[PDB]
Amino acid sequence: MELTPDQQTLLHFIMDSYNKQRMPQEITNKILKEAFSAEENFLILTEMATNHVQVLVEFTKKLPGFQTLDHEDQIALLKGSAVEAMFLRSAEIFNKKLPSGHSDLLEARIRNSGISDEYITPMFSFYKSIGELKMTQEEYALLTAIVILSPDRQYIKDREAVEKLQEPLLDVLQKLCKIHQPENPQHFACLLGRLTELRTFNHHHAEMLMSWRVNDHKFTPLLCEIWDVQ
């Protein structure tokens, strides 16, 4: 029912690693500052994503038992989760309460940043759906760790070794859902269900990036490696 000393220790350690990310305000203040062109926005978002991947690798390395895993599986786990983790983080940032009309202005700037409407509509639908769950920072952090440590990922040699690392994190999250939301016994199921929804953003990701209304699609070498672009 309640968190054991080891579970409390695990949660606090995951939270410290997760808090090393760029602050939601640091991302929202840049966008909400001035009205930027599609060429400027693509450059702003490319830098944001490069930083996201950089901090994600550091967070991933800190996950208990990740260093003990086979080198090939480590790469496949990061490459297979990077996009999902970026959309989970983007959802956390968008749903952060801001002053009156600020979240609506942020939505407007992203919708008019150069991206095709075909990819925007399911993206803001997912952000608004995630928001409805009223997730805490601990749930966002644990859900990110669960996403990264998904054994049912492509090209993984030893699934069982990944299962053993994900299992305590699922147990911690399950306990937290029963604590923060005892009114809704389906809350944990909703979170896990949102992981399947996250997987849909993978297949057409490179397509969304190349269909951006910019003459030239420049990416950093790290993004090219993680997103399989250029």
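Each form is matched to the other, and the largest set of C-alpha atoms that superpose within 1.5 Å is called the rigid core. We number the residues from 1 along the sequence you see.
J.: Output the stretch, either 203 to 211 or 6 to 14, that has more C-alpha displacement from this form in 9 other deposited structures of this protein following superposition by the rigid core.
T.: Farther on average in 9 other deposited structures of this protein: 203 to 211.
J.: Figure out for me whether 106 to 114 or 137 to 145 is the more displaced stretch in 9 other deposited structures of this protein, taking RMS C-alpha distance from the shown form once the rigid core is superposed.
T.: Of 137 to 145 and 106 to 114, the stretch deviating more in 9 other deposited structures of this protein is 106 to 114.
J.: Report the stretch with the higher mean CA temperature factor, choosing between 82 to 90 and 117 to 125 on the basis of the entry.
T.: Comparing 82 to 90 with 117 to 125, the higher mean C-alpha B-factor belongs to 117 to 125.
J.: Do the CA atoms of 138 to 146 or those of 102 to 110 have the higher mean B-factor in the entry?
T.: Going by the record's values, the stretch with the higher mean is 102 to 110.
J.: Please pick out which of 38, 170, 57, 63 has the largest Cα B-factor as recorded in the entry.
T.: Highest C-alpha B-factor among the listed residues goes to 38.
J.: Using the temperature factors of the C-alpha atoms in this entry, rank residue 15 within its chain: lowest, middle or highest third.
T.: Lowest third of the chain for residue 15's C-alpha B-factor.
J.: Which third, lowest, middle or highest, does the C-alpha temperature factor of residue 43 belong to within its own chain?
T.: Its C-alpha B-factor belongs to the middle third of this chain's values.
J.: Can you tell me whether residue 156 has a C-alpha B-factor in the lowest, middle or highest third compared with the other modelled residues of the same chain?
T.: According to the entry, residue 156 has a C-alpha B-factor in the chain's highest third.
J.: Lowest, middle or highest third: where is residue 222 by Cα B-factor in its chain?
T.: Its C-alpha B-factor belongs to the lowest third of this chain's values.
J.: Split the chain's modelled residues into thirds by Cα B-factor; is residue 50 in the lowest, middle or highest one?
T.: Its C-alpha B-factor belongs to the lowest third of this chain's values.
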